[PDB]
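Next up is one chain by itself, shown in structure tokens, the form deposited in one PDB entry.
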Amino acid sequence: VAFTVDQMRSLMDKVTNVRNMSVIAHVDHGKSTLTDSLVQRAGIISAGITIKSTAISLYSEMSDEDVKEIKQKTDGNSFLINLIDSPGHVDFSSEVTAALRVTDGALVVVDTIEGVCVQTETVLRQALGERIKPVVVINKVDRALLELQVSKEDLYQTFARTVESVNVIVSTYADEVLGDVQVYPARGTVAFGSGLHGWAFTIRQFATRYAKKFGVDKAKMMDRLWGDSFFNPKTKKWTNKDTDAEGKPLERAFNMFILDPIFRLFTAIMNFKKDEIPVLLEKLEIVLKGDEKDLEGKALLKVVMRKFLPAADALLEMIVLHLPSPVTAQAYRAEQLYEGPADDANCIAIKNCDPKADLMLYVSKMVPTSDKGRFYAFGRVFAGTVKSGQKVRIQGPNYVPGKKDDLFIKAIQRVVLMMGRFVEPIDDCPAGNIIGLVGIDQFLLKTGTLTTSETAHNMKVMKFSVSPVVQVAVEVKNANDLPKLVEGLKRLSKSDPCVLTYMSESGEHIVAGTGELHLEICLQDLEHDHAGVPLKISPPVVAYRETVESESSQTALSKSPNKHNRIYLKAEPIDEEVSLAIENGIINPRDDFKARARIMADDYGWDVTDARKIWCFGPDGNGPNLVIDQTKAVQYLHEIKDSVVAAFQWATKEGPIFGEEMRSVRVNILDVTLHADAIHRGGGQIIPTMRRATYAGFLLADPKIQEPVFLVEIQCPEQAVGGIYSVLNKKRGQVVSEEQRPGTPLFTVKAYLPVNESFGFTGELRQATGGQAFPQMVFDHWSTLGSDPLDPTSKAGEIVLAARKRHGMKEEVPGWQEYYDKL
């Protein structure tokens, strides 16, 4: 239905009548199909900016009678359901946790034949770890009838077993505090149906029907419709034994009043017994409408079943009557979601879903909008209320109430409702709702916390990293479409914050990502959408870094082609701390040279003198490399500064060991001799000089290369934890810590995994831990290899040579001589 901003806002004020949930389901189990049905049923539409569909708004109304069955404070008969989108495959670990973290309920889809598959079992655990209340749905029932032609009793036993499996997981992993959260068909928390045909039901649905034909309060009618309850046709009495006084069998209530009706319509219709169909149909009061009347076979059954048992409503029933509102859940989820004092002024405000308290808005992910290459923040307001214009504190990943690092006190340009693909502006938004923000893109990479309390900690952060550690070269298979690739690459980078496309000096088109899979996906979407043109992709490669271990053996010197200008310099190491400091905004290129000097001098042991002479950082004018101007009385010096800087930008982007980026390289310009006339000291002259002197300096300062290393966090049952250490020991992994979740048998191993050893990691971890393991890995740090990049046989040299060959460069690494003056 269509709603006005007022209706929505109004609806968003009654948080007691809101439901934040997700759908845990394997893609091959009608996940997409079921979800749709809810949209095609309760999908909210507003009465020119498009976004990437992240959440769908659902509206559902119930009777004052139904509202009472809700064992949790409510108000009104209207309900707002926020269906937050989930990934397709589990490998998306990090973002799976993302959606869960912002939801309270969960519609777990299980299969009739297959039951609970491994993947769904894993996500469920995770959901349970966030204290998500589950609600089950056994899908693909049709496949049971049509295919297996199973009996009423056998299908019953099946659901029984299935529900049993689920609860084995629910009880084993849910929190004792939460209370019994197991699903019980008799309690209306388990629905059965078929996404294909579009039908589904709950015991509570047939119980409201047969409600009076027996003179019962549905409480006891649905209680009988499951388990061991029998109705003797002859005695016309209810018994608790599968046999009558004589010893003859008795059909179960479920088989009698639920499965039988359905089983007949199937048998009737699929056998084309036109004499029965009409009769059978009128009995269930199913009125075909004109055109549908002539249908037969699947076509028919499909329509009958939809009118009979509307799949959408069965699910919408459990969502409202059993899934917690953003009020019931935040009371027991707050502490877990706040990384501050469990009694802190905010943590409390979270528990009480207090719209008056200081803002506590959680940003789960940044979503791509049509409005430029800008991204709108997606999240949930756990406390206080967010409003357009409101100025907020945007606390990034590294923030800590103590310092001022990673903070951005800015103003929220616009608040909008994430109506699936379209956004709808709204003044404010009180705690308990999923909302979207406009204007944070340049402050929040992906995840983050928005607050108002100056003493507010961040909320359970989701580690993400924008460090391009894996990249490939993209080429068009048919040269004609070249411009079509040049566009898609530009398009791709525009859709994802963490993908990167650039051109190497060699003129190649590069695509670099967060990891094997992340890149993989990006490449698919490029050859299929952004460019849709056939491409030649090179094999996956790990991004390394070139660095120095000491000061240059001797001064490095280079002269321009004029042979009129000279640059004397030396290269020396930068301390990881400083590098990190640069990488972490502490030491900043845009700062006041003086202020920044003070910092480096004080906190990092740098001569305030040198630090005040920083000429530039690099690459991209902000990397962990620097050029210090240590010259003395060099006339005209400033007139070649832009060139020198420029040179530095290229020298640091592609170093001399094998074209990789430089890291932690300090370049000290000791001297410079220039031609009196400017004509002869142009860019064409200095740029190459500097670039070459730097290379020289570097190659003399004892060259070494760094490899990137991941920090993988793994969830896994004590039983399968064996497979973890098993694989880690075949990848040069280094275990950092292993812990256990108090109650459950769920260990959580954290280790260091070299990125150049992570290829096909998940796949191998799969086999190893029977698929019970759930990985979450992020970039952690750069590791300097000990071996000599210059010695081909050494370990680093091995990397270097291969790389060089790959790039079709001279097999051997250039000696410093090649770049030093040819004197």
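For every residue, the number given is its place in the sequence shown, counted from 1. For clarity, a rigid core is taken as the largest C-alpha set superposing within 1.5 Å between two forms.
Keep in mind that the form deposited in another entry is missing from the display, and what follows is about it.
Colleague: If you fit the rigid core and then compare C-alpha positions between the shown form and the other one, only one of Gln413, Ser493, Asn77, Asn255 moves by 2 Å or more. Name it.
Modeller: Just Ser493.
Colleague: Is the shift of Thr267 between the shown form and the other one large enough to count as movement, that is, does its C-alpha move by 2 Å or more after the core is superposed?
Modeller: No, shifts by less than 2 Å.
Colleague: Once the two forms are fit on the core, has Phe192 moved its CA by at least 2 Å between the shown form and the other one?
Modeller: The answer is no, as the C-alpha of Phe192 shifts between the shown form and the other one by less than 2 Å after core alignment.
Colleague: When the rigid core is used for the superposition, does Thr689 move between the shown form and the other one (threshold: C-alpha shift of 2 Å or more)?
Modeller: Indeed, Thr689 is displaced by 2 Å or more.
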